[PDB]
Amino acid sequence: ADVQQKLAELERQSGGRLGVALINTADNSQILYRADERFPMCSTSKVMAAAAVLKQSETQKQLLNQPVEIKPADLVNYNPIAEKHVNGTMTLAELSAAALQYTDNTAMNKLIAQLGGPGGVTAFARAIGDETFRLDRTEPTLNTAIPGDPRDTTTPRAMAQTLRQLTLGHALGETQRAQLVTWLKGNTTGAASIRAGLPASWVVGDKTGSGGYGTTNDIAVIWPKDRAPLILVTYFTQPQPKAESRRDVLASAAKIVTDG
């Protein structure tokens, strides 16, 4: 029984390029497949941006309650939460929840702007020891996912490490760490992705992403039953510009790497 064989078979049969990094926090062990290749993050980058604003809030203690104007011109495909508040305001906490738990691209843009642009999200990544991540565009163009383009990419291994530090480690202050985890656990978009490959009894927080080239991503923190948590990154992208999403590939990869 061979995890590399299974992942290579999934990838080949899918017609795409699959990247996987698992961290088992029980013993610091990893399962890696194309873990040092760059992939387009798409909306999985919203974790870094929300965590950056959380970090800000450790020193601007009322920042999460700050109202932010939502104008009709701010609407970008998709905006299921912000469209309801156009011509009004949303707080940075509401925006962070919207960006994380829903598909909300306008909410992401407000986080980016709060951080002073894409470079602000990259600067946070650098501050917490992630030298791989880069954010260079706003929404929606950060999702173009063109093959060979390094913009708005990271590697599975780096993002697994970062997500571990953010959700289980000490990148954030305790309240901010707990907030992030509460938001990820309340994600609405994830049941077809990593979670579909796992036993139903396991608890998952996750952020999904999807863009050009059939790019289909998920990053997750997982609590198996009375076991130590796992961090799992599954990235996937395809050769055709308009390929269909493949959440089932991410599910299949999550089952392969957690079986046993």
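The first residue of the shown sequence is 1; numbering continues from there.
As listed in the deposited structure, the average C-alpha B-factor of 222-230 and of 46-54 is greater for 222-230. Across the two stretches, 70-78 and 108-116, the PDB entry reports the greater mean Cα temperature factor for 70-78. Listed residues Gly209, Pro199, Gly205, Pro40 were ranked by CA B-factor as deposited; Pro199 comes out on top.
Among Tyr102, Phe124, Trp183, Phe133, the highest C-alpha B-factor in the deposited entry belongs to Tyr102.
Ranked by Cα temperature factor within the chain, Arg151 sits in the middle third according to the deposited record. When all modelled residues of the chain are sorted by CA temperature factor, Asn28 is found within the highest third.
Sort the modelled residues of the chain by CA B factor and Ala160 lands in the lowest third. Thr237 sits in the lowest third of its chain by CA B factor, as recorded in the PDB entry. In the deposited entry, the Cα temperature factor of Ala178 sits in the middle third of values across the chain's modelled residues.
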